[PDB]
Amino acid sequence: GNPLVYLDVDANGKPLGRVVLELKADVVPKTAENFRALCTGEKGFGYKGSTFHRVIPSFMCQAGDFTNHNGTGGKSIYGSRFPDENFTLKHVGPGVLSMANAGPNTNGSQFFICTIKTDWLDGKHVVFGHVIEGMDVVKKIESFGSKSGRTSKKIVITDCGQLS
């Protein structure tokens, strides 16, 4: 079945709790596998220790730049970028998990969790999962964002991995 993965998130060094994500490998297997392996760290790199560096209230929480920690970096398990697998899943509401990009076919490791329906991203960002548990954690993260995306607390994925 589809993987379940987790992100354990701190804000200013104190735990907020756990976000559990279902990865829709049934729809986007290549995109799901990238995220899964970055959660386990099994390729020797991944999300552990990295940050939510861009958080915009009433929009989304973005993370996954584990190389430069500022939005310029990250990489996939396949290489520095990989294609848009499909656009079948839509940005239907809060809790959607989707790939950040720098235009078509530039998926790496950066991703975002929506806190609203973001329909204008349909056909532009690859949706690959959703929050199973821990939306309260996502709302906390969101509350530490700003219009510019700059966070007002240091939001760190302290641990991450695969549950099933």
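Numbers for residues come from their place in the sequence shown, where the first is 1.
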{"item": "Mean temperature factor over C-alpha atoms, higher-scoring stretch between 64-72 and 125-133", "value": "64-72"}
{"item": "Residue of maximum C-alpha B factor among 99, 116, 55, 37, per deposited coordinates", "value": "116"}
{"item": "Top Cα B factor in the deposited entry, candidates 31, 105, 110, 50", "value": "50"}
{"item": "Third assignment of residue 164 from its chain's C-alpha B-factors", "value": "middle"}
{"item": "Modelled-residue ranking by C-alpha temperature factor, third containing residue 16", "value": "highest"}
